[PDB]
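full-length UniProt numbering applies: residue 6 is where the first sequence begins, and numbers increase by one.
C-beta: ideal position from N, C-alpha, C; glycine also.
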Amino acid sequence: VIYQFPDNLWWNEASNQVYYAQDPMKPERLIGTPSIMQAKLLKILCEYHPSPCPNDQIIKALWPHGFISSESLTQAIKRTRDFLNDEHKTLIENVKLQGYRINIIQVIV
DNA sequence: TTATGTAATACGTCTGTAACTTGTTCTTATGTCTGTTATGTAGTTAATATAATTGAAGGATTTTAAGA
């Protein structure tokens with residue numbers, strides 16, 4: 006499964022790599038491999054789309070086994086925003102009292 | 001003997017948690033202004049009428065000022 010984001014950002018879940026490319030089959034500028042919980046968060050954001058994911062479910066998915074301090078949620082999002090160079094918060098948007106949504110240009114299956 | 005290659009071990013270290021902190025954004029409690037009704041104040045009334053008032057009660061002794 007291949008995911009396109011704004012600004013020609015391509016994420017490959019099978020190989021789990023994110024990079025800049027005009028052609029999905031030909032990486033141009035490699036960003037690299039996100040961490041594990043980063044992959045979980047990305048998959049959650051891509052798996053409720055078009056609808057956003059409620060905070061309780063992402064909380065229960067990122068750290069299911071132990072209830073974690075709340076800040077970690079937001080902090081994890083920061084890194085998932087930062088690794089995908091989403092400085093303008095255009096890849097992860099936050100809808101108040103609704104959750105977190107991701108922007109997908111297209112999916113290649 | 002000495003290269004070699006595994007293995008213990010100690011130290012960086014990349015990343016996941018969490019603390020400190022601010023934006024800002026929304027909600028609510030409060031202080032204030034304004035309009036209406038109830039309260040509080042005040043002035044006037046034109047047959048004539050012209051020295052209260054109500055009790056209350058078997059006290060027994062002292063000392064001290066006024067009156068003569």
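Is the distance from the Cβ of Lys45 to the Cβ of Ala66 below 7 Å? Going by C-beta atoms, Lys45 is nearer than 7 Å to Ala66.
Candidates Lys31, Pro59, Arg86 and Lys101: which alpha carbon is nearest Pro11's? It is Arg86 whose Cα lies nearest to the Cα of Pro11.
Which value, in whole angstroms, describes the spacing of the CA atoms of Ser56 and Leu96? Each residue's alpha carbon lies about 14 Å from the other.
Compare the beta carbon distance of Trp16 and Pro29 with 7 Å and say whether it is the shorter of the two. Taking 7 Å as the Cβ cut-off, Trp16 and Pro29 do not qualify as a contacting pair.
Can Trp16 be considered in contact with the ligand MN, in the sense that its beta carbon sits closer than 6 Å to one or more heavy atoms? No copy of the ligand MN appears in this structure; indeed no ligand is present at all.
In chain order, what residues of the same chain have a beta carbon less than 8 Å from the beta carbon of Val114, not counting five sequence neighbours either side? In the same chain as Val114, and ignoring 5 residues on each side of it, the C-beta atoms closer than 8 Å to its own belong to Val6 and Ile7, in chain order.
Kindly indicate which residue of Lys94, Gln103, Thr79 and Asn13 has the alpha-carbon position closest to the one of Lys31. Check the Cα spacing between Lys31 and each of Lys94, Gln103, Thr79 and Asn13: the tightest is with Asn13.
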